[PDB]
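Take a look at this single chain in structure tokens; it is the form deposited without the ligand.
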């Protein structure tokens, strides 16, 4: 579980927000892309795995699970690519609630920047710092304990 991440795709302003959640901590990384493609998802995972010790990724949908480009990136980066079927039924709700919360924060910062990507990174900041520990503190502690 220190190495388990979940992909999540949500939409705002006609754009796509791609999110990776570290399941055990709730820590997130996110980016804005014009549309979800295999190449964009692959590049996002490459970035993620260079920054955190990503062992397993639960993909957000069947297209990214199938994508040969995503599979290639996971091979390159030493990631076990898995499906994202909510075997635990709590998972749907948790991701739903995360997207709602993220969109709420984005709304609270949206008039502080021209570009959606800026607002999204502000929201990532606020989410990861929110406390009692923050998600950023939890991920570091979990991984440090594992090392």
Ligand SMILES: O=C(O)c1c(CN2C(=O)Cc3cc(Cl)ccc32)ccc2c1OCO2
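Positions refer to the first chain, counted from 1.
A.B. asks: For the stretch from residue 131 to residue 132, please bin the deposited residues that the model skips: none, 1 to 3, 4 to 9, or 10 or more.
C.D. replies: The entry leaves 4 to 9 residues without coordinates here.
A.B. asks: So, looking at the entry's B-factor column for Cα atoms, which has the higher mean, 83-91 or 118-126?
C.D. replies: Taking the mean C-alpha B-factor of 83-91 and of 118-126, the larger value falls to 83-91.
A.B. asks: Would 132-140 or 16-24 have the larger average of its C-alpha temperature factors, as given in the entry?
C.D. replies: The stretch with the larger average C-alpha B-factor is 132-140.
A.B. asks: Highest Cα B-factor in the PDB entry belongs to which of 29, 40, 101, 60?
C.D. replies: Among 29, 40, 101, 60, the PDB entry lists the largest C-alpha B-factor for 101.
A.B. asks: Give the position of residue 4 by CA B-factor within its chain, expressed as the lowest, middle or highest third.
C.D. replies: Middle third by C-alpha B-factor.
A.B. asks: By the recorded C-alpha temperature factor, relative to the other modelled residues in its chain, which third is residue 53 in?
C.D. replies: Answer is middle: the recorded C-alpha B-factor places it there.
Another form exists, solved in complex with the ligand; not displayed. Remarks below refer to it.
A.B. asks: Can any non-hydrogen atom of residue 82 be found within 4.5 angstroms of the ligand in the deposited complex?
C.D. replies: Contact check for residue 82: no, nothing within 4.5 Å of the ligand in the deposited complex.
A.B. asks: Do any residues of 43-82 have a non-hydrogen atom within 4.5 angstroms of the ligand in the deposited complex? If so, which ones, in sequence order?
C.D. replies: None of them.
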